[PDB]
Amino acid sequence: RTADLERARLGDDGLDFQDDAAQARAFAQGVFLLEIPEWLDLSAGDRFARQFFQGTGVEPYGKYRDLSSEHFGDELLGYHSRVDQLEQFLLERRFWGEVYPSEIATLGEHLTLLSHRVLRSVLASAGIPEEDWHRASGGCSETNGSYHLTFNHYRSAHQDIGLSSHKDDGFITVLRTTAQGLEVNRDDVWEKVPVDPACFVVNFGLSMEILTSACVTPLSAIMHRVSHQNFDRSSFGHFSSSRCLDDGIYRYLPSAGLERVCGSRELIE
């Protein structure tokens, strides 16, 4: 009912789990906890997630409610009401400096570099040659990927599930949640992700699963969901996926290199 997750920290040689066994369990479960660097201020992000949906009467972030999909050439960005309790504000990195408040873009840039370090520690453990990392990761092994900083609010007045079962797109998700609600289908039972506001929740997406399907330890994009909320809940996440402006989505074939599977666009769909 409550999942037991391995905990890691970012140190000098990438991810430091307690030992090599723990790291292998974590990567194999597809979800683990990552301690939040003590210098990293998350308070502006927390407030944005509590406010973005409220409209221009609420300062300083309520006005972002009015930036809907039409203000962007990209269908998927801005404020969106979902079918579940969730509503969201989503923005890819190319737009952070112009659109987000400056302190929110800063948070996004910190998360991007933190996510980059986590991703490289994961690629090394998969036995992929370093010179293939950039193309395998669609740029995320450097700072060339696509990055979404996404803010979530669950409308407890809506009778739906919070957010229905899904696997993330992309390579790596760093999730900041401070309230009960997240659930993962680790083995075959649904389990609650325990609350720990001093850690992020890290999991992988479909592009990571595709990439590593033929490795020694294939990595899985874990199915997860948010249960029906009786009171409001908010959260936010940093999502890394392939740059899509490159082209392809790849699978690594040991001893041979990268095989193109599909495109950036058709995978999101």
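Rigid core here is just the name for the largest C-alpha set that superposes within 1.5 Å across the two forms. Residue indices: 1-based, along the sequence shown.
S.K.: Is 68-76 or 191-199 the stretch whose C-alphas end up farther from this model in 7 other deposited structures of this protein after a rigid core fit?
M.R.: The more displaced stretch in 7 other deposited structures of this protein turns out to be 68-76.
S.K.: Core-aligned, RMS over all structures and residues: is 28-36 or 236-244 the stretch with the greater C-alpha displacement in 7 other deposited structures of this protein?
M.R.: Looking at 236-244 and 28-36 in 7 other deposited structures of this protein, the bigger mover is 236-244.
S.K.: How much of the deposited sequence is absent from the coordinates between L245 and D246: none, 1 to 3, 4 to 9, or 10 or more residues?
M.R.: Per the record, 1 to 3 deposited residues are absent between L245 and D246.
S.K.: Looking at the entry, does 125-133 or 101-109 show the higher mean C-alpha B-factor?
M.R.: Averaged over C-alpha atoms, the B-factors run higher in 125-133.
S.K.: Is the mean CA B factor in the deposited entry higher across 260-268 or across 3-11?
M.R.: Comparing 260-268 with 3-11, the higher average CA B-factor belongs to 260-268.
S.K.: From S240, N203, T217, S235, which pick has the Cα B-factor that tops the rest in the entry?
M.R.: Of the candidates given, the C-alpha B-factor peaks at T217.
S.K.: Maximum C-alpha temperature factor per the entry, among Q54, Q229, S213, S43, belongs to which one?
M.R.: When the deposited C-alpha B-factors of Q54, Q229, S213, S43 are compared, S213 is largest.
S.K.: According to the PDB entry, is the CA B factor of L67 in the bottom, middle or top third of its chain, that is, lowest, middle or highest?
M.R.: Top third by C-alpha B-factor.
S.K.: Quick one: classify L182 as lowest, middle or highest third of the chain based on its Cα B-factor.
M.R.: Tercile = lowest for this residue's CA B-factor.
S.K.: Where does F171 sit by CA temperature factor within its chain: lowest, middle or highest third?
M.R.: Its C-alpha B-factor belongs to the middle third of this chain's values.
S.K.: Taking only the Cα B-factors deposited for this chain, tell me whether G78 sits in the lowest, middle or highest third.
M.R.: CA B-factor rank for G78: middle third.
S.K.: Just say lowest, middle or highest third for the CA B-factor of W39 relative to the other modelled residues in its chain.
M.R.: Tercile = middle for this residue's CA B-factor.
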